[PDB]
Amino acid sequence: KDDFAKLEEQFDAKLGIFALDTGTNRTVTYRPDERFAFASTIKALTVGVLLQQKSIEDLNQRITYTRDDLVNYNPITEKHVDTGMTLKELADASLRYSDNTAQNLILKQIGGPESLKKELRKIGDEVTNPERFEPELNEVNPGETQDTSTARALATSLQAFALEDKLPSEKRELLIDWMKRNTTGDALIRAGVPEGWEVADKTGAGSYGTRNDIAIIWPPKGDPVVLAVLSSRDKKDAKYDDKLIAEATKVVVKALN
């Protein structure tokens, strides 16, 4: 646990780590049960739940929306107000670009934050606590439990949809394929794994310099590793440093080797 403490001192941040080798049941933990704002990592679990409810052809359904439906950061969705987008394309934009309107439209389709919460409780996640849409969910103050979870619960919930029987294999593959092709995580978990390791991740960023990455990772040979790396800082307007997540990942890899 001293390598993580030194990282917490170097980057002046609090770290939350849970890693599991699905093949050996070896874990690496550090503040595994401390709450952090989940931020955009919730996008992964939201698509997890959508996949539970929608058939593949349901995903071809066109969703119309307006300029007023758009929020702060909509890289894909703002470009398609006139024509709408299929659920499939919204999931793609939400996961790989972290498009906030895409997320919000998907969350509405599943019934809103309380419905997402209920579905997570059903799969045994008693920790994750969604209450809000994007971008307001990204802002969580100290001591608050709204829109928070833990390294352990995020990893376990991600593990549930991507690797266990919470989704049938084809839908697992679809989720994994989107997350493999994520565009926002090059400097995080991806930067901390050895050459030839495959990564499917979702990133998050929030107030208090909160910087998260959750992933399934595959060594060259062997079973996948489930990893959540969460972080926050003590000032509301703090900047995060991606190098903290990359280095923490390197510690996880070393400890698992």
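Just count from 1 along the sequence shown to find any residue number.
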item	value
Average Cα temperature factor in the PDB entry - higher stretch of 172 to 180, 76 to 84	76 to 84
119 to 127 versus 152 to 160 - greater average Cα B-factor per the deposited record	119 to 127
Residue selected from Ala44, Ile56, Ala39, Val199 by maximal Cα B factor	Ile56
Highest recorded Cα temperature factor - choice among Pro32, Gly222, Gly48, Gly204	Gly222
Chain third (lowest, middle, highest) by recorded CA B-factor, residue given as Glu89	middle
Modelled-residue ranking by C-alpha temperature factor, third containing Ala238	highest
Position of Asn141 among the chain's modelled residues by C-alpha B-factor, lowest, middle or highest third	highest
Third of the chain, ranked by Cα B-factor, where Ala102 sits	lowest
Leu70 - Cα temperature factor, lowest/middle/highest third of chain	highest
